[PDB]
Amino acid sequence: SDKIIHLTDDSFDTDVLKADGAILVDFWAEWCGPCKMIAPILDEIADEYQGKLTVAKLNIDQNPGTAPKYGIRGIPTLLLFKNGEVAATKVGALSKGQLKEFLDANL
C-alpha cells in the first residue's frame, strides 16, 4: 500500500525503465471491473515480495501516453520489467494464487 509506486506518464522512464530490481507495472483504469478486482491482490503481493519486487501502477485515464508505447490494448495488463526491458506479460484478471504463480515463475 505505502509500498506501491504511483506512476505518471512523466515518471515512467525514471521509475520503471531506470529502476533497480524487478518492477511489476499494473496498467489499470477505475472503470474496469477486472482492474479493481486485482487491486487489493497487488497490495498483498507488494508487501509479501518486498525486497524482491517493486509494484507500480499506471492509471491509463490520467496517463494515456504510456500503454500505447508497449502495445497494450487491454486492461488489466501486468508488465514485468527487468533492467529497462519487458521480461514477462500477463493480461487479465487473476487470483492471488494465480498471480503468485506468475511471479515465482518469472523471478
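Don't overthink the numbering: it's just position in the shown sequence, from 1.
Participant: Averaging C-alpha B-factors over each stretch, which comes out higher, 90-98 or 20-28?
Facilitator: On average, C-alpha B-factors are higher across 90-98.
Participant: Per the record, averaged over C-alpha atoms, which has the higher B-factor: 73-81 or 41-49?
Facilitator: The deposited B-factors put 41-49 ahead on the C-alpha mean.
Participant: Split the chain's modelled residues into thirds by Cα B-factor; is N106 in the lowest, middle or highest one?
Facilitator: Middle third.
Participant: Would you mind ranking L58 by its C-alpha B-factor against the rest of the chain and naming the third, lowest, middle or highest?
Facilitator: As the PDB entry reports it, the C-alpha B-factor of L58 lands in the lowest third of its chain.
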